[PDB]
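> Sharing a structure here in structure tokens format.
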Amino acid sequence: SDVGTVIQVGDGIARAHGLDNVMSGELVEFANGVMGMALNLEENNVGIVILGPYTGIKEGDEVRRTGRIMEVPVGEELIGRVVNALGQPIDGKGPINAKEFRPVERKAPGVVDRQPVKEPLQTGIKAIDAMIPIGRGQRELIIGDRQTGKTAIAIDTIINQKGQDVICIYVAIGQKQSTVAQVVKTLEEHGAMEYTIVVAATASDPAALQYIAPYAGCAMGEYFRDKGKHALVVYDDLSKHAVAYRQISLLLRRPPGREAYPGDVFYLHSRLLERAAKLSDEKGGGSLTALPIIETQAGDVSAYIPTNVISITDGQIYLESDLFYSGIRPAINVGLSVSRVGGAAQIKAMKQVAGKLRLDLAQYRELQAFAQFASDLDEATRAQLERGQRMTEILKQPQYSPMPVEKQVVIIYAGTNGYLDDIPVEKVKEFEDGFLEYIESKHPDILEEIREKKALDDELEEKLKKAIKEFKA
Amino acid sequence: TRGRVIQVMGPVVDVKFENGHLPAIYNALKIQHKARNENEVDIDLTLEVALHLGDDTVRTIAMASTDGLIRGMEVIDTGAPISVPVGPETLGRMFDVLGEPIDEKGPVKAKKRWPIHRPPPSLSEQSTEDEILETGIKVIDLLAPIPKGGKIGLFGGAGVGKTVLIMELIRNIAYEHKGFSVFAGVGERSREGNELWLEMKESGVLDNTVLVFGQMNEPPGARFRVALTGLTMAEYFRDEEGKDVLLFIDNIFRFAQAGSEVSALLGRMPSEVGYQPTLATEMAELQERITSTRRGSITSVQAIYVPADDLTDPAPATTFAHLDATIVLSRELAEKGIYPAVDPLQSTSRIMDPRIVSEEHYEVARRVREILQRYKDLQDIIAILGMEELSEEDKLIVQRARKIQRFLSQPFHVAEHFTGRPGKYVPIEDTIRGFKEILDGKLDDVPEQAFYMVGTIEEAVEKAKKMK
Amino acid sequence: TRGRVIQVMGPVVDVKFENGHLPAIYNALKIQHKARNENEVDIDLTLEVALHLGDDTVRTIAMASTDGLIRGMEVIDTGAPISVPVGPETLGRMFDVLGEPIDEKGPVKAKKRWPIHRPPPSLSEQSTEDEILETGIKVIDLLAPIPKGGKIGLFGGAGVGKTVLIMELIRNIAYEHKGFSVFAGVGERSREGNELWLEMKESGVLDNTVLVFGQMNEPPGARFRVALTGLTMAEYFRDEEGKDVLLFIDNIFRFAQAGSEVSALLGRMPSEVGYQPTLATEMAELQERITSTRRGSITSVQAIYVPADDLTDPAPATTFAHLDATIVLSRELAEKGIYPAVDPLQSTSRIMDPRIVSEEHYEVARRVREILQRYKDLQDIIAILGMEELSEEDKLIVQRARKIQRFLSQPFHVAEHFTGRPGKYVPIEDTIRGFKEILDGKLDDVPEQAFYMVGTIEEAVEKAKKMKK
Ligand SMILES: Nc1ncnc2c1ncn2[C@@H]1O[C@H](COP(=O)(O)OP(=O)(O)OP(=O)(O)O)[C@@H](O)[C@H]1O
Ligand SMILES: Nc1ncnc2c1ncn2[C@@H]1O[C@H](COP(=O)(O)OP(=O)(O)O)[C@@H](O)[C@H]1O
Ligand SMILES: Nc1ncnc2c1ncn2[C@@H]1O[C@H](COP(=O)(O)OP(=O)(O)O)[C@@H](O)[C@H]1O
Ligand SMILES: [Mg+2]
Ligand SMILES: [Mg+2]
Ligand SMILES: [Mg+2]
């Protein structure tokens with residue numbers, strides 16, 4: 001028969017007899033009306049994971065197979081709204097009239113279905129866009145300790161997509177209802193909700209929903225990619241998603257491994273993150289880029305889930321608790337962070353100036369190990385120290401302050417060619433804003449040419465026009 | 001509907017029932033038995049249903065000692081979870097985990113009883129208020145301002161000062177707001193709990209306060225459910241009366257350990273450092289209910305014990321995600337005599353933004369955190385090379401950081417037995433003015449010893465005069 | 001004969017066979033089911049037998065997703081391990097772990113299929129004729145020569161240059177050695193398989209190369225058996241065609257992590273830092289089958305990820321035992337613009353003896369490691385005290401080390417698009433002659449900038465003039 005009955009009930013897990021023809025991953029319905037997924041198939045029982053309040057289910061209750069895989073609604077109708085892990089509305093603004101539904105579990109695009117990533121995904125952040133570039137189909141990891149600025153980089157990146165054809169999907173996993181509501185008001189304040197979808201599995205929600213959340217957010221991002229548009233997907237913390245899976249697997253009695261996690265956990269995140277890709281022209285040229293986030297305990301990057309996800313991504317941004325209290329505010333470790341796509345992702349103008357910045361910083365990192373004494377260091381060593389201190393300052397940026405790519409180019413160009421070298425270290429931050437206001441207010445042709453050609457080659461005027469500012473301000 | 005005890009294993013008891021008459025999860029059961037002969041003992045015990053096992057059997061957690069239980073004893077089903085009295089009749093009373101009164105005052109006779117397990121507020125009921133609660137404590141008011149309606153967490157090992165810091169906050173905040181107050185005391189000391197009750201009973205503040213205790217010496221069933229009894233009483237004033245309330249909890253770590261002690265006996269597989277697989281879910285069932293809504297507000301001060309001084313431990317680690325402000329207490333500061341011993345580089349709050357606090361406050365806090373980090377980065381160089389080898393800038397940075405770390409110290413009113421000084425209250429204006437005056441170098445010609453144990457900057461200057 | 005599915009738990013499946021006989025260990029099983037009604041899904045799955053359990057039952061590791069499986073589904077025994085196509089028809093084709101073609105070009109139609117699990121060559125079939133395989137890469141051919149029939153390992157962190165160095169080596173063998181190459185993408189990122197396939201399809205190198213990938217998103221059983229598929233295809237060219245072939249394996253770290261995940265799934269007790277108890281046995285089953293025999297030779301280039309800069313981790317540590325030569329790539333050289341970014345002081349090989357390579361080769365490589373080490377012992381003094389305080393001998397030693405450090409840099413053909421530099425191949429005679437002329441102090445009145453990215457030393461000498469100096 002297709003009818004089963006409950007034989008044990010615990011913390012979101014139930015076990016049942018019968019259900020002989022159920023399939024792995026199928027949805028099952030309890031007599032109370034609540035739903036669950038058939039995860040383990042045994043000789044005489046089925047292990048079911050509950051998708052709601054379990055306190056109403058008792059031993060001897062009837063359970064029925066639905067014959068359906070887990071699916072979520074998709075389309076243009078989800079834009080500027082907040083939904084749970086099953087796509088149901090929680091913003092209080094009424095029903096969602098989506099015309100199509102997609103399973104949360106689908107295969108990633110093949111090797112021949114792809115094309116190399118050649119176009120930039122501007123974050124508006126001078127340390128990322130110059131030294132750790134992101135392309136429009138790349139997976140970049142944001143990693144560091146608690147309270148170091150991890151969500152701020154993801155939110156500033158979503159806010160910068162206003163004048164660009166990118167749909168943004170923000171997936172909150174294991175977050176407090178109060179921080180979700182605080183982030184949603186920040187997105188409305190900056191107008192980012194005109195192109196943003198928010199998916200949220202709260203800390204109060206069962207582990208099964210916190211497990212389904214990244215896959216649902218990914219399915220919504222895929223719809224735009226399959227139709228030739230661009231999409232960005234953020235996972236607020238993959239560490240809480242791994243913890244949610246550890247809970248279900250231990251309660252289902254699957255054998256543990258490293259750091260108590262199930263052996264299956266690499267396949268969990270790799271089956272997710274490989275769905276972010278840039279398609280070939282025969283498939284439509286569409287794209288989906290991902291920004292997963294991970295939290296490290298006391299700086300331990302060598303831990304199981306961190307090393308696992310570091311090996312899956314195409315680059316990593318490292319955040320230091322040390323830089324953050326020292327007054328380097330975005331707090332990015334530029335000498336450790338890396339992107340493979342660097343160069344290919346950037347525009348011709350940005351790449352040129354990124355190069356000199358890279359050599360200057362590399363040399364400064366070599367010299368700073370013994371920078372403890374400076375009155376004794378040779379004057380030549382001082383040139384290396386002074387330049388490095390100034391390039392560090394240009395990278396400092398206030399939260400919610402994305403700088404446009406032409407301006408990032410114009411300022412890195414000035415620091416790398418020594419035009420900011422003569423300015424005093426404390427005065428550099430002031431000089432940066434004043435120079436950008438001067439270039440935009442009078443002779444705006446420099447900013448207009450860089451937007452159109454994207455390749456510079458017109459520097460004689462930029463030099464002469466800069467000397468008129470430095471003459472008295 | 002009745003059943004019988006089948007097994008007894010410390011805090012855990014297994015019970016078997018009649019065909020299809022099984023109790024639901026979280027449901028309360030009662031054991032009332034009188035000794036039939038001199039070999040038995042009288043028992044009055046309450047059990048909570050934890051899980052269904054098959055063979056008409058249920059596994060449960062006992063709320064009091066299981067000593068004297070015998071296999072085959074009759075058990076009765078109450079038909080609902082642990083239910084506790086709610087309403088204005090509960091103000092000025094002391095309670096047990098089961099909501100029964102500890103004080104000799106008589107029966108409460110409240111109009112309604114609420115179940116200990118309730119769903120939290122939905123996303124549309126949440127609030128986004130950004131209002132500063134002034135504490136009068138010079139380190140919290142600068143580096144980690146407390147948001148009204150938010151959660152503030154005190155993290156520390158054994159004997160660093162968590163209880164002395166909670167009791168100074170109780171004294172300073174409950175003085176001027178005159179709202180309803182609740183204290184849970186989940187791991188609170190009976191001696192301190194007695195000192196608190198006597199002061200509140202003589203000062204009249206008890207008439208607006210609810211107390212629940214649940215001492216260290218109790219079994220894990222009581223240490224596990226007691227935080228929810230105090231919270232269920234504080235929720236009534238927010239939901240049905242629309243009031244603004246203070247909820248104090250001396251220890252939420254004990255709530256986590258009580259779940260750990262229980263987990264092995266329930267039949268669960270252990271996780272990292274022996275903890276339960278459900279640790280983050282259990283902490284969220286408690287912490288998601290402690291929020292401000294469109295009806296009223298709950299502000300909460302909580303203390304978290306850090307075992308073996310390791311913040312990477314699953315219990316303290318799981319808790320940080322839920323707090324709006326986090327205060328970490330360091331042994332290195334306590335062993336050096338600097339109290340309250342709050343670590344300036346690890347303490348933070350949600351409210352520390354240029355959009356929520358003044359430009360002068362933001363700039364002073366920035367300059368304090370930076371000078372202390374620069375001083376922390378130099379204690380190795382000062383150990384390897386003589387202090388006469390450091391540059392003039394680093395030399396001044398050390399002297400200013402030395403003055404600042406002790407100007408962060410303050411004598412509390414609740415600590416007069418330990419500090420030997422009267423006790424002081426400092427307003428935000430004098431904290432900002434004080435640190436700015438040291439950072440700007442106006443006080444370079446003043447000894448470091450003059451900044452220790454003084455409430456305000458004018459005091460530091462007369463403390464310098466009291467010494468030629 | 002025919003068996004039935006009994007349990008399903010993630011990538012692990014249990015099967016009962018009853019009548020006839022049970023399959024052998026490592027034997028391949030097939031599931032082919034058509035939906036009987038609209039509530040079911042069609043399934044095409046391959047399983048590998050791992051252990052016998054009793055009650056006419058066997059435990060297996062799935063090669064693809066187990067979603068949609070049902071208890072009681074019929075299972076078929078193929079009577080042998082996973083079998084893959086072999087022969088010249090496999091050249092210029094992309095493959096899956098099961099040997100099925102990924103590319104839309106059609107069926108491969110090969111004449112024979114070989115099993116993935118075969119015994120290695122015996123002590124009698126071992127050859128001892130050591131010699132050198134010329135790569136045309138100026139750092140490897142001098143400091144860490146590659147033995148024919150030997151194994152070379154590339155160690156480093158993320159973004160150092162391991163895959164680009166592997167892609168340039170594949171090109172050079174197809175250019176002058178005219179040999180057949182195999183690349184095994186063990187746990188390959190699908191973004192990188194696309195870039196390898198495009199470089200080889202446009203440069204023409206693909207017609208002489210075999211690509212085996214699978215995907216990093218496939219279950220652990222597939223990520224574990226894929227390196228054996230590339231090797232079983234490389235064995236046919238040595239044994240049945242008598243050729244000398246090069247096998248490239250990108251990141252055996254993913255191979256080690258995949259055996260760990262399979263052992264944890266099967267229920268084995270974790271060993272040191274949570275790896276499988278069988279790590280050394282499993283690594284060796286792959287490394288031993290790669291050897292020079294009396295029929296021909298298989299040589300191999302392997303990349304190894306060093307997690308958190310720790311070379312003491314079980315995965316890198318078990319690999320070092322089977323390496324004739326070692327290359328360590330330093331992130332500090334990569335960010336300073338020096339490519340291929342190989343550390344001259346940590347790279348070594350076993351064949352670096354006067355009895356296997358020329359006296360002039362041995363003497364130059366010794367003088368290079370020595371002058372570099374001497375310069376490393378002085379860079380503290382050069383920074384704290386004025387360079388005007390260094391003696392005449394040490395001053396010249398520093399300048400020569402400075403020219404030699406950049407002379408190790410070389411522009412690659414596969415990397416011409418990034419920088420626009422044409423690409424160079426340098427023969428062993430010119431690498432030895434180049435470093436000898438710098439070490440002997442003949443070429444001193446030439447600026448350091450002339451030795452960066454140039455190929456042979458005559459090209460550095462003309463470049464000095466091109467820079468008007
Ligand atoms: N560039 C910046 N300039 C100034 N302050 C910043 C900057 N970036 C982040 N902050 C501040 O840092 C604090 C923490 O930021 P955020 O919440 O994004 O960090 P997080 O690492 O994601 O924290 P959590 O782990 O709790 O989620 C906030 O007060 C934020 O305003
Ligand atoms: N603010 C303070 N002023 C003076 N002494 C303090 C202060 N805070 C802590 N102490 C001292 O240290 C101990 C703190 O005890 P308590 O607050 O209960 O520690 P904890 O709860 O962290 O275990 C007391 O003995 C007290 O004398
Ligand atoms: N020879 C080179 N010349 C210039 N850039 C290079 C060169 N080799 C590597 N790179 C740069 O560094 C990246 C190396 O990435 P990858 O090959 O994946 O490194 P790895 O596997 O060691 O982590 C390239 O994508 C390119 O940006
Ligand atoms: Mg966050
Ligand atoms: Mg205390
Ligand atoms: Mg790599």
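Simple scheme: letters A, B, ... for chains in structure tokens order, numbers from 1 for residues in each chain, numbers from 1 for ligands in the order shown.
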Give me, as a compact mmCIF listing (two decimals) with N, CA and C atoms, in the first residue's frame, all polymer residues having an atom no more than 6 Å from residue 91 of chain B, counting only C-alpha atoms and skipping those fewer than 3 positions away in the same chain.

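In the end it all went to around-v5.txt:
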# COMPACT_ATOMS: atom_id res chain seq x y z
N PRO B 88 -1.12 40.70 36.88
CA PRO B 88 -0.65 41.62 37.91
C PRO B 88 -0.54 40.98 39.30
N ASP B 207 7.60 45.42 44.61
CA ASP B 207 6.19 45.52 44.20
C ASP B 207 5.96 45.56 42.68
N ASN B 208 6.99 45.87 41.89
CA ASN B 208 6.96 45.91 40.42
C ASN B 208 7.80 44.77 39.79
N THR B 209 8.34 43.85 40.59
CA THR B 209 9.26 42.80 40.15
C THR B 209 8.77 41.36 40.31
N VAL B 210 9.01 40.51 39.31
CA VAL B 210 8.73 39.06 39.34
C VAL B 210 10.08 38.31 39.45
> Please find the residues contacting ligand 1 at a distance of at most 6 Å between atoms, with only C-alpha atoms and all ligand atoms counted, and report them as a PyMOL selection string.
(chain A and resi 146-152+329-330+397-399) or (chain B and resi 350+352-353)
> Among segment 291-408 of chain B, which ones does DSSP place in strand (DSSP E), written as a ChimeraX atom specification?
/B:297-305,325-328,348-349
> Find the residues near ligand 6. Use a cut-off of 10 Å, count only C-alpha atoms and all ligand atoms, and write them as a list in words.
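Counting only what the definition allows, namely only C-alpha atoms and all ligand atoms, the set is residues 311, 314, 315 and 340 of chain A; 155, 156, 157, 158, 159, 160, 161, 162, 163, 164, 250, 251, 303, 304, 305 and 306 of chain C.
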> Selected residues, N, CA and C atoms, written as an mmCIF file, in the first residue's frame, please.

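Final output, out-v3.cif:
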data_model
loop_
_atom_site.group_PDB
_atom_site.id
_atom_site.type_symbol
_atom_site.label_atom_id
_atom_site.label_comp_id
_atom_site.auth_asym_id
_atom_site.auth_seq_id
_atom_site.Cartn_x
_atom_site.Cartn_y
_atom_site.Cartn_z
ATOM 1 N N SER A 311 38.102 25.375 -1.101
ATOM 2 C CA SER A 311 38.525 24.594 -2.260
ATOM 3 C C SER A 311 37.510 24.605 -3.420
ATOM 4 N N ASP A 314 36.125 30.171 -6.647
ATOM 5 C CA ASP A 314 37.120 30.677 -7.615
ATOM 6 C C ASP A 314 37.998 31.805 -7.056
ATOM 7 N N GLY A 315 37.835 32.098 -5.776
ATOM 8 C CA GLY A 315 38.532 33.155 -5.073
ATOM 9 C C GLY A 315 37.919 33.410 -3.701
ATOM 10 N N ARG A 340 41.111 34.000 -9.209
ATOM 11 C CA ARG A 340 41.748 33.414 -10.409
ATOM 12 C C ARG A 340 41.415 34.155 -11.692
ATOM 13 N N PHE C 155 53.674 21.504 -5.439
ATOM 14 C CA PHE C 155 53.039 21.845 -4.162
ATOM 15 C C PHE C 155 52.802 23.345 -4.000
ATOM 16 N N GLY C 156 51.623 23.733 -3.513
ATOM 17 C CA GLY C 156 51.346 25.136 -3.243
ATOM 18 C C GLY C 156 49.917 25.431 -2.805
ATOM 19 N N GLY C 157 49.687 26.684 -2.423
ATOM 20 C CA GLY C 157 48.363 27.177 -2.059
ATOM 21 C C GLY C 157 47.532 27.558 -3.290
ATOM 22 N N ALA C 158 46.496 28.372 -3.088
ATOM 23 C CA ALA C 158 45.599 28.867 -4.137
ATOM 24 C C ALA C 158 46.178 30.085 -4.886
ATOM 25 N N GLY C 159 46.000 30.143 -6.206
ATOM 26 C CA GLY C 159 46.453 31.220 -7.086
ATOM 27 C C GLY C 159 47.959 31.319 -7.354
ATOM 28 N N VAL C 160 48.752 30.262 -7.132
ATOM 29 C CA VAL C 160 50.215 30.294 -7.341
ATOM 30 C C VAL C 160 50.640 30.012 -8.796
ATOM 31 N N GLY C 161 49.871 29.243 -9.580
ATOM 32 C CA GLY C 161 50.144 28.944 -10.997
ATOM 33 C C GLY C 161 50.220 27.471 -11.429
ATOM 34 N N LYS C 162 49.735 26.543 -10.586
ATOM 35 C CA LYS C 162 49.770 25.092 -10.815
ATOM 36 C C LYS C 162 49.087 24.667 -12.112
ATOM 37 N N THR C 163 47.849 25.079 -12.386
ATOM 38 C CA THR C 163 47.140 24.646 -13.604
ATOM 39 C C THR C 163 47.746 25.244 -14.874
ATOM 40 N N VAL C 164 48.173 26.508 -14.883
ATOM 41 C CA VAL C 164 48.852 27.116 -16.044
ATOM 42 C C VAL C 164 50.175 26.407 -16.332
ATOM 43 N N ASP C 250 45.618 16.847 -11.894
ATOM 44 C CA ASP C 250 45.461 18.122 -11.193
ATOM 45 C C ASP C 250 44.707 17.905 -9.872
ATOM 46 N N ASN C 251 45.427 18.146 -8.772
ATOM 47 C CA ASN C 251 45.009 18.053 -7.377
ATOM 48 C C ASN C 251 44.579 16.685 -6.844
ATOM 49 N N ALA C 303 49.649 18.000 -9.338
ATOM 50 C CA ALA C 303 49.520 19.217 -8.537
ATOM 51 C C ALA C 303 48.944 18.850 -7.171
ATOM 52 N N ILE C 304 49.436 19.471 -6.102
ATOM 53 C CA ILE C 304 48.988 19.225 -4.735
ATOM 54 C C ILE C 304 48.705 20.542 -4.019
ATOM 55 N N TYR C 305 47.472 20.688 -3.553
ATOM 56 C CA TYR C 305 47.035 21.819 -2.757
ATOM 57 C C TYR C 305 47.535 21.646 -1.326
ATOM 58 N N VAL C 306 48.184 22.667 -0.789
ATOM 59 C CA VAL C 306 48.699 22.694 0.577
ATOM 60 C C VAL C 306 47.704 23.507 1.417
#
> Using only C-alpha atoms, I'd like every residue of chain B that has an atom within 8 Å of chain A; please write them out as a count of residues only.
38
> Using only C-alpha atoms, find which residues of chain C lie within 8 Å of chain A and jot them down as a VMD selection string.
chain C and resid 6 to 11 39 to 40 66 to 71 103 158 to 159 189 to 191 193 to 195 216 to 220 260 to 262 264 to 265 267 270 273 to 274 307 to 308 332 335 to 337 383 to 386 418
> Residues as selected, C-alpha atoms, written as a CSV table (one decimal), in the first residue's frame, can you do that?

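File produced: selection-v3.csv:
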chain,number,residue,atom,x,y,z
C,6,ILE,CA,17.4,-2.8,0.2
C,7,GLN,CA,18.6,0.5,1.6
C,8,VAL,CA,19.4,4.1,0.4
C,9,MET,CA,21.4,6.7,2.6
C,10,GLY,CA,22.9,9.5,0.5
C,11,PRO,CA,25.6,8.1,-1.9
C,39,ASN,CA,4.4,9.1,-9.5
C,40,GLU,CA,7.9,7.7,-10.4
C,66,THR,CA,20.6,8.4,-5.6
C,67,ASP,CA,17.5,10.7,-5.8
C,68,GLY,CA,14.4,8.9,-7.0
C,69,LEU,CA,15.6,5.4,-6.0
C,70,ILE,CA,13.0,3.0,-4.6
C,71,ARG,CA,13.4,-0.2,-2.4
C,103,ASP,CA,31.2,15.9,-25.9
C,158,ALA,CA,45.6,28.9,-4.1
C,159,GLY,CA,46.5,31.2,-7.1
C,189,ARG,CA,35.8,22.9,-11.3
C,190,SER,CA,33.4,23.0,-14.4
C,191,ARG,CA,34.7,26.6,-15.0
C,193,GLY,CA,37.3,22.2,-17.6
C,194,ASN,CA,35.9,24.7,-20.2
C,195,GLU,CA,39.1,26.7,-20.2
C,216,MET,CA,33.4,18.6,-8.6
C,217,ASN,CA,29.6,18.5,-8.1
C,218,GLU,CA,29.4,14.7,-8.5
C,219,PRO,CA,29.1,12.4,-5.5
C,220,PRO,CA,32.4,11.3,-3.7
C,260,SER,CA,38.0,10.0,3.3
C,261,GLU,CA,34.3,10.8,2.5
C,262,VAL,CA,33.8,7.3,1.1
C,264,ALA,CA,33.2,7.9,6.5
C,265,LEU,CA,30.1,7.0,4.5
C,267,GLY,CA,31.4,3.6,8.6
C,270,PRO,CA,38.7,8.1,11.4
C,273,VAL,CA,43.1,14.4,11.5
C,274,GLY,CA,40.0,12.5,10.3
C,307,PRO,CA,45.8,23.6,3.0
C,308,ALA,CA,46.6,26.5,5.3
C,332,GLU,CA,55.4,35.7,-2.6
C,335,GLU,CA,52.7,38.5,-6.6
C,336,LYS,CA,56.1,39.9,-7.4
C,337,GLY,CA,55.6,39.1,-11.1
C,383,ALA,CA,67.8,46.4,4.7
C,384,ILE,CA,68.8,47.6,8.2
C,385,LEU,CA,72.3,48.8,7.3
C,386,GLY,CA,73.3,50.7,4.1
C,418,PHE,CA,47.1,37.5,-20.4
> With only C-alpha atoms as the counted atoms, please give the residues lying no more than 7 Å from residue 215 of chain A, apart from itself and same-chain residues fewer than 2 positions off, as a ChimeraX atom specification.
/A:104-105,212-213,217-219,272
> Quick one: write out the picked residues with N, CA and C atoms as a JSON list (two decimals), in the first residue's frame?

[["chain", "number", "residue", "atom", "x", "y", "z"],
["A", 104, "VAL", "N", 13.80, 22.56, -6.43],
["A", 104, "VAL", "CA", 15.01, 23.19, -5.84],
["A", 104, "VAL", "C", 16.30, 22.40, -6.13],
["A", 105, "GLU", "N", 16.18, 21.12, -6.49],
["A", 105, "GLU", "CA", 17.27, 20.21, -6.85],
["A", 105, "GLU", "C", 17.32, 19.95, -8.37],
["A", 212, "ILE", "N", 16.85, 23.63, 3.15],
["A", 212, "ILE", "CA", 16.24, 23.94, 1.84],
["A", 212, "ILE", "C", 16.52, 25.37, 1.35],
["A", 213, "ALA", "N", 16.73, 26.35, 2.23],
["A", 213, "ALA", "CA", 16.89, 27.76, 1.86],
["A", 213, "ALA", "C", 17.89, 28.11, 0.73],
["A", 217, "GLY", "N", 16.74, 29.66, -3.14],
["A", 217, "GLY", "CA", 17.30, 30.92, -3.62],
["A", 217, "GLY", "C", 18.06, 30.72, -4.93],
["A", 218, "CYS", "N", 18.73, 29.58, -5.07],
["A", 218, "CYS", "CA", 19.45, 29.22, -6.28],
["A", 218, "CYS", "C", 18.45, 28.99, -7.44],
["A", 219, "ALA", "N", 17.36, 28.24, -7.24],
["A", 219, "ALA", "CA", 16.31, 28.00, -8.24],
["A", 219, "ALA", "C", 15.71, 29.31, -8.78],
["A", 272, "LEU", "N", 25.57, 22.73, -4.65],
["A", 272, "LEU", "CA", 24.99, 24.07, -4.59],
["A", 272, "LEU", "C", 25.79, 25.08, -5.42]]
> So which residues of segment 227-269 of chain C fall under alpha helix (DSSP H) by DSSP, listed as a ChimeraX atom specification?
/C:227-239,252-266
> For residue 393 of chain B, please output as a list in words all residues within 12 Å (counting only C-alpha atoms; exclusion window: fewer than 4 positions along the same chain).
residues 371, 374, 375, 389, 397, 398, 399 and 400 of chain B
> Could I get the residue neighbourhood of ligand 2 at 7 Å, counting only C-alpha atoms and all ligand atoms, as a ChimeraX atom specification?
/B:156-165,339-340,411-412,415,418-419
> Which residues are close to residue 408 of chain C, i.e. within 8 Å by only C-alpha atoms, leaving aside same-chain residues fewer than 4 positions away? Reply as a PyMOL selection string.
chain C and resi 138-139+404
> Please dump the current selection as a PDB file, in the first residue's frame; keep N, CA and C atoms.

ATOM      1  N   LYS C 138      62.862  26.397 -18.094  1.00  0.00           N
ATOM      2  CA  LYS C 138      64.154  26.749 -17.513  1.00  0.00           C
ATOM      3  C   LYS C 138      64.342  26.519 -16.004  1.00  0.00           C
ATOM      4  N   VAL C 139      63.295  26.510 -15.171  1.00  0.00           N
ATOM      5  CA  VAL C 139      63.447  26.227 -13.719  1.00  0.00           C
ATOM      6  C   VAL C 139      63.431  24.734 -13.399  1.00  0.00           C
ATOM      7  N   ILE C 404      70.186  36.112 -11.629  1.00  0.00           N
ATOM      8  CA  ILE C 404      69.778  34.700 -11.627  1.00  0.00           C
ATOM      9  C   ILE C 404      68.331  34.517 -11.161  1.00  0.00           C
TER      10      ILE C 404
END
> Quick one: residues within 7 Å of residue 71 of chain B, only C-alpha atoms counted, chain neighbours fewer than 3 positions away excluded, as a PyMOL selection string?
chain B and resi 5-7
> Please provide the set of residues having any atom within 10 Å of residue 171 of chain B, restricted to only C-alpha atoms, with same-chain residues fewer than 3 positions apart removed, written as a JSON list (two decimals) with N, CA and C atoms, in the first residue's frame.

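As a result, result.json now contains:
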[["chain", "number", "residue", "atom", "x", "y", "z"],
["B", 135, "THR", "N", 23.33, 53.77, 30.85],
["B", 135, "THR", "CA", 23.55, 52.93, 32.05],
["B", 135, "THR", "C", 24.29, 53.60, 33.19],
["B", 166, "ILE", "N", 25.94, 42.74, 36.47],
["B", 166, "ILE", "CA", 24.47, 42.67, 36.32],
["B", 166, "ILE", "C", 23.78, 43.48, 37.41],
["B", 167, "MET", "N", 24.16, 43.30, 38.67],
["B", 167, "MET", "CA", 23.52, 44.00, 39.77],
["B", 167, "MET", "C", 23.72, 45.51, 39.74],
["B", 168, "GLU", "N", 24.82, 46.02, 39.18],
["B", 168, "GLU", "CA", 24.98, 47.47, 39.01],
["B", 168, "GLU", "C", 24.02, 48.00, 37.92],
["B", 174, "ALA", "N", 16.56, 50.38, 36.55],
["B", 174, "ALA", "CA", 15.24, 50.24, 37.18],
["B", 174, "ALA", "C", 14.83, 51.42, 38.10],
["B", 175, "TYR", "N", 15.75, 52.35, 38.38],
["B", 175, "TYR", "CA", 15.59, 53.55, 39.20],
["B", 175, "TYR", "C", 14.67, 54.62, 38.56],
["B", 176, "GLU", "N", 14.88, 54.97, 37.29],
["B", 176, "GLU", "CA", 14.14, 56.06, 36.61],
["B", 176, "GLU", "C", 13.00, 55.66, 35.64],
["B", 200, "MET", "N", 15.35, 44.70, 47.57],
["B", 200, "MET", "CA", 14.13, 45.03, 46.83],
["B", 200, "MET", "C", 12.89, 45.12, 47.73],
["B", 413, "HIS", "N", 28.28, 51.23, 43.13],
["B", 413, "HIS", "CA", 27.56, 51.32, 44.41],
["B", 413, "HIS", "C", 27.36, 49.92, 45.01],
["B", 414, "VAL", "N", 27.08, 48.91, 44.18],
["B", 414, "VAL", "CA", 26.86, 47.51, 44.61],
["B", 414, "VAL", "C", 28.14, 46.77, 45.03]]
